[PDB]
>>> print(open('run13.txt').read())   # compact mmCIF, C-alpha atoms and all ligand atoms
# COMPACT_ATOMS: atom_id res chain seq x y z
CA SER X 1 68.98 22.01 59.21
CA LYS X 2 65.68 21.74 57.36
CA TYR X 3 64.75 18.43 55.78
CA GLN X 4 62.11 17.95 53.11
CA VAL X 5 60.09 14.75 53.39
CA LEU X 6 57.50 13.31 50.98
CA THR X 7 55.10 10.62 52.21
CA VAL X 8 53.65 8.25 49.61
CA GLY X 9 51.66 5.05 49.83
CA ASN X 10 48.56 3.14 48.83
CA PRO X 11 45.21 4.23 50.24
CA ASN X 12 44.56 2.55 53.60
CA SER X 13 48.32 2.11 54.22
CA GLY X 14 48.13 4.25 57.35
CA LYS X 15 49.99 7.05 55.56
CA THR X 16 47.67 9.70 57.06
CA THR X 17 48.03 8.17 60.52
CA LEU X 18 51.82 8.38 60.39
CA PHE X 19 51.63 11.93 58.98
CA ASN X 20 49.33 13.08 61.77
CA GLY X 21 51.50 11.34 64.37
CA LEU X 22 54.60 13.19 63.18
CA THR X 23 53.12 16.69 62.67
CA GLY X 24 50.20 16.82 65.12
CA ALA X 25 48.48 20.18 65.00
CA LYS X 26 51.29 21.68 62.87
CA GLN X 27 49.62 21.01 59.52
CA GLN X 28 48.21 23.00 56.62
CA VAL X 29 45.84 22.15 53.77
CA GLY X 30 45.96 23.83 50.38
CA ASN X 31 45.82 22.87 46.70
CA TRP X 32 48.28 21.25 44.35
CA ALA X 33 49.58 23.80 41.87
CA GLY X 34 47.34 23.79 38.81
CA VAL X 35 44.51 21.57 40.14
CA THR X 36 41.84 21.41 42.87
CA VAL X 37 43.27 18.38 44.72
CA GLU X 38 43.96 18.97 48.41
CA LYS X 39 47.61 19.52 49.38
CA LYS X 40 48.52 18.52 52.94
CA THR X 41 51.78 19.80 54.43
CA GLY X 42 53.18 19.75 57.93
CA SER X 43 56.31 20.17 59.97
CA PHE X 44 58.03 19.02 63.13
CA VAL X 45 61.29 19.88 64.87
CA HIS X 46 63.54 17.17 66.24
CA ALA X 47 66.91 17.46 67.99
CA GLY X 48 67.34 21.01 66.67
CA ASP X 49 66.50 20.29 63.00
CA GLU X 50 63.30 21.09 61.12
CA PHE X 51 61.36 18.50 59.10
CA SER X 52 59.07 19.75 56.33
CA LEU X 53 56.48 17.18 55.23
CA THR X 54 54.35 16.97 52.09
CA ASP X 55 51.77 14.18 51.87
CA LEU X 56 50.96 12.69 48.54
CA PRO X 57 47.42 11.48 47.70
CA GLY X 58 47.12 7.74 48.06
CA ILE X 59 47.84 5.81 44.86
CA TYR X 60 48.46 2.20 43.84
CA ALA X 61 50.93 2.94 41.01
CA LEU X 62 52.72 5.84 39.27
CA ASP X 63 51.22 7.53 36.20
CA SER X 64 51.23 5.35 33.08
CA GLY X 65 49.16 7.44 30.68
CA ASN X 66 46.09 5.33 31.39
CA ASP X 67 42.74 6.84 30.46
CA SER X 68 41.58 5.80 33.94
CA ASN X 69 41.03 9.34 35.20
CA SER X 70 43.19 9.34 38.36
CA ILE X 71 44.26 12.94 38.84
CA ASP X 72 45.91 11.74 42.07
CA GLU X 73 48.28 9.39 40.29
CA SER X 74 49.40 12.20 38.02
CA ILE X 75 50.00 14.45 41.03
CA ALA X 76 51.94 11.76 42.87
CA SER X 77 53.91 10.91 39.73
CA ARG X 78 54.81 14.57 39.26
CA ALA X 79 55.77 15.01 42.90
CA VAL X 80 57.81 11.82 43.02
CA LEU X 81 59.75 12.98 39.93
CA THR X 82 60.17 16.71 40.57
CA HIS X 83 59.18 17.65 44.11
CA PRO X 84 62.20 18.40 46.33
CA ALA X 85 62.73 15.77 49.00
CA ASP X 86 65.65 14.73 51.09
CA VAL X 87 63.74 11.48 51.55
CA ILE X 88 60.63 9.80 50.22
CA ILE X 89 58.86 7.89 52.99
CA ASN X 90 57.02 4.99 51.32
CA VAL X 91 54.45 3.76 53.87
CA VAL X 92 53.50 0.13 53.14
CA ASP X 93 50.75 -2.01 54.70
CA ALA X 94 52.73 -5.04 55.87
CA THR X 95 49.62 -7.21 55.85
CA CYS X 96 49.43 -6.70 52.08
CA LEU X 97 53.04 -6.82 50.85
CA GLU X 98 52.70 -8.26 47.35
CA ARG X 99 50.31 -5.56 46.19
CA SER X 100 51.74 -2.69 48.25
CA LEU X 101 55.31 -3.23 47.10
CA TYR X 102 54.35 -2.76 43.46
CA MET X 103 54.71 1.02 43.68
CA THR X 104 57.70 0.52 46.00
CA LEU X 105 59.49 -1.09 43.06
CA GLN X 106 58.63 1.84 40.79
CA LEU X 107 59.90 4.32 43.40
CA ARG X 108 63.10 2.32 43.84
CA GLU X 109 63.77 2.53 40.11
CA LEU X 110 63.87 6.36 40.39
CA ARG X 111 66.96 6.05 42.64
CA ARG X 112 65.85 9.00 44.83
CA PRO X 113 66.68 8.68 48.58
CA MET X 114 63.79 6.70 50.04
CA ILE X 115 62.86 4.52 52.98
CA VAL X 116 60.16 1.85 53.23
CA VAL X 117 58.00 2.05 56.35
CA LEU X 118 56.16 -1.23 57.00
CA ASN X 119 53.05 -0.10 58.83
CA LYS X 120 50.48 -2.20 60.76
CA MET X 121 53.03 -4.62 62.21
CA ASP X 122 50.58 -5.16 65.09
CA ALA X 123 48.05 -6.58 62.63
CA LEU X 124 50.77 -8.86 61.27
CA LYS X 125 51.63 -10.19 64.72
CA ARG X 126 47.92 -10.86 65.25
CA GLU X 127 48.02 -13.00 62.08
CA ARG X 128 51.19 -14.65 63.54
CA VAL X 129 53.24 -13.74 60.45
CA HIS X 130 56.96 -12.92 60.63
CA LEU X 131 58.82 -10.75 58.10
CA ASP X 132 62.57 -11.19 57.70
CA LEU X 133 63.43 -7.48 57.58
CA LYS X 134 67.08 -7.96 56.63
CA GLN X 135 65.97 -10.04 53.65
CA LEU X 136 63.54 -7.24 52.77
CA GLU X 137 66.30 -4.60 52.84
CA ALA X 138 68.38 -6.94 50.70
CA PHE X 139 65.63 -7.19 48.07
CA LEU X 140 64.65 -3.51 48.07
CA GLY X 141 68.11 -1.98 48.47
CA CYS X 142 66.96 0.82 50.80
CA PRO X 143 66.29 1.24 54.53
CA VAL X 144 63.22 -0.67 55.76
CA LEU X 145 61.65 0.31 59.08
CA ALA X 146 58.71 -1.48 60.70
CA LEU X 147 56.21 0.08 63.11
CA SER X 148 52.57 0.67 63.98
CA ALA X 149 51.61 4.28 63.17
CA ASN X 150 48.87 4.19 65.82
CA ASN X 151 51.54 3.59 68.51
CA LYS X 152 52.85 6.96 69.70
CA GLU X 153 56.00 5.45 71.19
CA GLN X 154 56.96 3.69 67.95
CA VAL X 155 56.25 6.90 66.03
CA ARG X 156 58.58 8.77 68.40
CA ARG X 157 61.21 6.09 67.83
CA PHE X 158 60.65 6.46 64.09
CA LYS X 159 61.54 10.16 64.28
CA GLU X 160 64.93 9.36 65.83
CA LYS X 161 65.72 6.71 63.22
CA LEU X 162 64.51 8.95 60.38
CA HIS X 163 66.57 11.90 61.68
CA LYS X 164 69.68 9.69 61.92
CA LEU X 165 69.25 8.37 58.36
CA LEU X 166 68.87 11.90 56.98
CA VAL X 167 72.04 13.06 58.75
CA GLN X 168 73.92 10.00 57.47
CA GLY X 169 72.54 10.30 53.95
CA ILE X 170 70.62 7.37 52.49
CA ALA X 171 72.72 4.57 50.96
CA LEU X 172 70.92 2.86 48.06
CA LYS X 173 71.91 -0.52 46.66
CA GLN X 174 71.17 -1.46 43.03
CA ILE X 175 67.83 -3.17 42.50
CA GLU X 176 68.21 -6.27 40.33
CA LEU X 177 65.06 -5.82 38.23
CA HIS X 178 65.71 -7.14 34.73
CA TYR X 179 62.87 -6.98 32.20
CA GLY X 180 64.15 -9.44 29.66
CA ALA X 181 66.59 -9.04 26.80
CA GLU X 182 64.16 -7.29 24.43
CA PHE X 183 62.75 -4.66 26.77
CA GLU X 184 66.16 -4.06 28.34
CA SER X 185 67.50 -3.18 24.90
CA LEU X 186 64.59 -0.77 24.43
CA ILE X 187 65.46 0.89 27.74
CA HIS X 188 69.07 1.00 26.54
CA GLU X 189 68.09 2.66 23.25
CA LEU X 190 66.10 5.33 25.10
CA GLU X 191 68.33 6.07 28.12
CA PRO X 192 70.61 8.68 26.43
CA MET X 193 67.67 11.00 25.83
CA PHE X 194 66.96 11.07 29.57
CA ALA X 195 70.56 11.67 30.62
CA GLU X 196 71.23 14.79 32.71
CA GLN X 197 67.87 14.72 34.47
CA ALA X 198 67.02 14.99 38.17
CA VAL X 199 66.07 11.30 38.16
CA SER X 200 67.66 8.06 36.87
CA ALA X 201 67.80 7.91 33.08
CA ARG X 202 66.89 4.21 33.27
CA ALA X 203 63.79 5.03 35.33
CA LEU X 204 62.69 7.78 32.93
CA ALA X 205 63.21 5.52 29.93
CA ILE X 206 61.05 2.84 31.58
CA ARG X 207 58.36 5.35 32.56
CA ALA X 208 58.38 6.75 29.02
CA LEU X 209 57.95 3.22 27.70
CA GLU X 210 55.09 2.84 30.22
CA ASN X 211 53.72 6.11 28.75
CA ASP X 212 54.02 8.15 31.99
CA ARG X 213 52.36 11.46 31.05
CA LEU X 214 54.80 13.53 33.13
CA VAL X 215 57.73 12.13 31.15
CA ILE X 216 56.18 12.16 27.67
CA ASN X 217 54.78 15.68 28.02
CA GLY X 218 58.15 17.38 28.51
CA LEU X 219 59.53 15.75 25.36
CA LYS X 220 59.85 17.58 22.07
CA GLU X 221 57.88 16.13 19.17
CA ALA X 222 60.84 14.27 17.66
CA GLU X 223 61.72 12.75 21.05
CA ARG X 224 58.07 11.74 21.42
CA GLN X 225 58.23 10.03 18.04
CA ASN X 226 61.36 8.12 19.09
CA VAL X 227 59.58 6.92 22.22
CA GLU X 228 56.40 5.87 20.40
CA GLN X 229 58.44 4.05 17.73
CA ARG X 230 60.33 2.14 20.43
CA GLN X 231 56.97 1.19 21.94
CA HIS X 232 55.80 -0.56 18.76
CA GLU X 233 59.13 -2.38 18.56
CA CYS X 234 58.03 -4.27 21.68
CA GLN X 235 56.58 -7.61 20.57
CA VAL X 236 54.47 -7.85 23.74
CA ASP X 237 52.24 -5.52 25.70
CA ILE X 238 54.52 -3.23 27.70
CA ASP X 239 52.04 -2.78 30.55
CA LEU X 240 51.67 -6.56 30.99
CA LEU X 241 55.41 -7.15 30.61
CA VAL X 242 56.52 -4.75 33.35
CA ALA X 243 53.72 -5.97 35.65
CA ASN X 244 54.80 -9.59 35.14
CA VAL X 245 58.42 -8.77 35.85
CA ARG X 246 57.55 -6.69 38.91
CA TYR X 247 55.15 -9.25 40.36
CA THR X 248 57.49 -12.17 39.62
CA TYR X 249 60.16 -10.34 41.61
CA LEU X 250 57.73 -9.63 44.46
CA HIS X 251 56.75 -13.32 44.56
CA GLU X 252 60.40 -14.27 45.08
CA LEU X 253 60.73 -11.50 47.66
CA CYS X 254 57.79 -12.66 49.81
CA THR X 255 59.03 -16.27 49.68
CA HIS X 256 62.32 -15.29 51.29
CA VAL X 257 60.80 -12.70 53.64
CA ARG X 258 57.41 -13.86 54.89
CA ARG X 259 56.99 -16.80 57.29
CA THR X 260 54.03 -18.02 59.29
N1 LIG Y 1 46.31 -1.84 63.33
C1 LIG Y 1 46.72 -0.70 62.77
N2 LIG Y 1 45.89 0.03 62.05
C2 LIG Y 1 46.47 1.14 61.57
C3 LIG Y 1 47.77 1.57 61.73
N3 LIG Y 1 47.97 2.74 61.07
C4 LIG Y 1 46.84 3.04 60.53
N4 LIG Y 1 45.88 2.08 60.79
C5 LIG Y 1 44.48 2.04 60.38
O1 LIG Y 1 44.37 1.91 59.01
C6 LIG Y 1 43.28 2.67 58.49
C7 LIG Y 1 43.73 3.56 57.35
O2 LIG Y 1 44.58 4.53 57.89
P1 LIG Y 1 44.78 6.00 57.18
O3 LIG Y 1 45.89 6.71 57.90
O4 LIG Y 1 43.41 6.61 57.12
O5 LIG Y 1 45.24 5.46 55.72
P2 LIG Y 1 45.98 6.20 54.39
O6 LIG Y 1 46.94 5.20 53.80
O7 LIG Y 1 46.54 7.47 54.94
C8 LIG Y 1 44.59 6.53 53.27
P3 LIG Y 1 43.10 7.46 53.93
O8 LIG Y 1 43.58 8.35 55.08
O9 LIG Y 1 42.58 8.25 52.73
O10 LIG Y 1 42.15 6.34 54.38
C9 LIG Y 1 42.73 3.49 59.65
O11 LIG Y 1 41.46 3.01 60.01
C10 LIG Y 1 43.78 3.35 60.76
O12 LIG Y 1 43.19 3.15 62.01
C11 LIG Y 1 48.67 0.77 62.49
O13 LIG Y 1 49.84 0.96 62.75
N5 LIG Y 1 48.02 -0.36 62.98
>>> encode(input="run13.txt", output="structure tokens", more="lines below")
Ligand SMILES: Nc1nc2c(ncn2[C@@H]2O[C@H](COP(=O)(O)OP(=O)(O)CP(=O)(O)O)[C@@H](O)[C@H]2O)c(=O)[nH]1
Amino acid sequence: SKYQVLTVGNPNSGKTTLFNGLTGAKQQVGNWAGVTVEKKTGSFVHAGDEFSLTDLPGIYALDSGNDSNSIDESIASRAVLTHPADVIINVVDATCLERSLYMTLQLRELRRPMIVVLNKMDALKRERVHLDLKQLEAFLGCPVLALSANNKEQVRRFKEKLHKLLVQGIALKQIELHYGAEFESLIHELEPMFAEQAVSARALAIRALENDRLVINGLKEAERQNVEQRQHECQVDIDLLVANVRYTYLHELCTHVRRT
């Protein structure tokens, strides 16, 4: 079998280190379709199956229609929405969970098969910090694996676990992110227009309320006007509201996960 894998994470997460450890010399560099940004792909074979890897440029969040130039965030937002992938590997710097897991939450809302890879666990153990990984799986609702991407042996072990999870299929558990009665009803008003898409209608409705360019652009003018009218029905700033809700959840998460 041939498996398609996307790797996504913040800059400095060790995403490139894991990618290189998995593919070695079997890598190519090109361009993303329609732009000049570098496209890095690689492959490896394991236990008779082929693994096809596409690396996404490092980003801190998905596209939210922010004038902040960020061609990379558009590319990663597009890929995370429309690029084929049997699994999205979200590489997270475990020494920096509260910030790194912000995009993790956005990815989880898409409901695409994904796993969270906590990288730099050696740095954590140097800080004498323990992460309750079962609690972390409970809060994220997706497989969570911990390693150091500079350790060849742990990377080799990661291949076996990744291969097993792809053969099993990835079991996702609903993520209890509630944005408050008012915004939830706005998501509810908008969800039917994103039914019958390749991604969660709830996710697309949220991203459209966040003004994700990749979502808004595909809409017809009347659908755009329904989205922009919903946006002004929000009594508060949508960007602040979703950030608050996401970071409030991540504060509860770290409490029950992180111990020194
Ligand atoms: N201690 C430790 N450092 C690691 C580990 N994985 C990567 N690093 C370090 O983190 C730094 C960033 O890694 P890199 O792979 O470059 O990060 P990225 O997230 O791919 C972003 P970019 O490659 O553009 O910097 C590197 O200096 C690398 O040595 C790990 O498991 N443990």
>>> residues_near_ligand(input="run13.txt", ligand="ligand LIG 1 (chain Y)", cutoff="12 Å", atoms="all atoms listed in the file", output="VMD selection string")
chain X and resid 7 to 21 38 40 55 to 60 72 90 to 95 100 117 to 127 146 to 155
>>> atom_distance(input="run13.txt", atom1="CA of residue 65 (chain X)", atom2="CA of residue 111 (chain X)")
21.5 Å
>>> closest_residue(input="run13.txt", among="X:227, X:198, X:172, X:162", to="residue 49 (chain X)", atoms="only C-alpha atoms")
X:162
>>> atom_distance(input="run13.txt", atom1="CA of residue 88 (chain X)", atom2="CA of residue 112 (chain X)")
7.5 Å
>>> atom_distance(input="run13.txt", atom1="CA of residue 4 (chain X)", atom2="CA of residue 203 (chain X)")
22.0 Å
>>> closest_residue(input="run13.txt", among="X:80, X:115, X:33, X:131", to="residue 259 (chain X)", atoms="all atoms listed in the file")
X:131
>>> residues_around(input="run13.txt", residues="residue 50 (chain X)", least_positions_apart="6", cutoff="8 Å", atoms="all atoms listed in the file", output="VMD selection string")
chain X and resid 1 to 3 43 to 44
>>> build_atoms(input="run13.txt", residues="region 115-133 of chain X", atoms="N, CA, C and O atoms", output="tab-separated table (two decimals), keeping the file's coordinate frame")
chain	number	residue	atom	x	y	z
X	115	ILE	N	62.95	5.60	52.00
X	115	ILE	CA	62.86	4.52	52.98
X	115	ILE	C	61.47	3.90	52.88
X	115	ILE	O	60.48	4.56	52.53
X	116	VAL	N	61.40	2.60	53.18
X	116	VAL	CA	60.16	1.85	53.23
X	116	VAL	C	59.77	1.72	54.69
X	116	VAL	O	60.55	1.22	55.52
X	117	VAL	N	58.56	2.17	55.01
X	117	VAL	CA	58.00	2.05	56.35
X	117	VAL	C	56.91	0.98	56.27
X	117	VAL	O	55.87	1.20	55.64
X	118	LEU	N	57.17	-0.18	56.88
X	118	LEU	CA	56.16	-1.23	57.00
X	118	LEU	C	55.23	-0.84	58.13
X	118	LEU	O	55.63	-0.84	59.30
X	119	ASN	N	54.00	-0.49	57.80
X	119	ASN	CA	53.05	-0.10	58.83
X	119	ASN	C	52.16	-1.31	59.18
X	119	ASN	O	52.13	-2.31	58.45
X	120	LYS	N	51.46	-1.21	60.30
X	120	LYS	CA	50.48	-2.20	60.76
X	120	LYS	C	51.17	-3.51	61.14
X	120	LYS	O	50.66	-4.60	60.86
X	121	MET	N	52.34	-3.41	61.76
X	121	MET	CA	53.03	-4.62	62.21
X	121	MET	C	52.28	-5.30	63.35
X	121	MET	O	52.49	-6.50	63.58
X	122	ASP	N	51.43	-4.56	64.07
X	122	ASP	CA	50.58	-5.16	65.09
X	122	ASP	C	49.55	-6.08	64.48
X	122	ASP	O	49.25	-7.14	65.04
X	123	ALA	N	48.98	-5.69	63.33
X	123	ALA	CA	48.05	-6.58	62.63
X	123	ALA	C	48.76	-7.84	62.15
X	123	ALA	O	48.19	-8.93	62.21
X	124	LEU	N	50.00	-7.70	61.70
X	124	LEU	CA	50.77	-8.86	61.27
X	124	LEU	C	50.99	-9.84	62.42
X	124	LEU	O	50.81	-11.06	62.26
X	125	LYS	N	51.39	-9.32	63.58
X	125	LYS	CA	51.63	-10.19	64.72
X	125	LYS	C	50.35	-10.86	65.18
X	125	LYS	O	50.40	-11.97	65.71
X	126	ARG	N	49.20	-10.21	64.98
X	126	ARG	CA	47.92	-10.86	65.25
X	126	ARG	C	47.68	-12.05	64.32
X	126	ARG	O	47.12	-13.06	64.73
X	127	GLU	N	48.08	-11.92	63.06
X	127	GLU	CA	48.02	-13.00	62.08
X	127	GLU	C	49.12	-14.03	62.30
X	127	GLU	O	49.11	-15.08	61.64
X	128	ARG	N	50.06	-13.76	63.23
X	128	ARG	CA	51.19	-14.65	63.54
X	128	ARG	C	52.13	-14.83	62.34
X	128	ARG	O	52.62	-15.92	62.06
X	129	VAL	N	52.38	-13.74	61.63
X	129	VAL	CA	53.24	-13.74	60.45
X	129	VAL	C	54.52	-13.00	60.80
X	129	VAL	O	54.48	-11.93	61.43
X	130	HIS	N	55.67	-13.56	60.43
X	130	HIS	CA	56.96	-12.92	60.63
X	130	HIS	C	57.57	-12.50	59.30
X	130	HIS	O	57.59	-13.27	58.34
X	131	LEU	N	58.10	-11.27	59.26
X	131	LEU	CA	58.82	-10.75	58.10
X	131	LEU	C	60.30	-10.65	58.41
X	131	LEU	O	60.69	-10.02	59.39
X	132	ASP	N	61.12	-11.29	57.58
X	132	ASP	CA	62.57	-11.19	57.70
X	132	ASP	C	63.00	-9.83	57.12
X	132	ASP	O	63.12	-9.66	55.91
X	133	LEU	N	63.22	-8.86	58.01
X	133	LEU	CA	63.43	-7.48	57.58
X	133	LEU	C	64.77	-7.27	56.90
X	133	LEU	O	64.90	-6.40	56.04
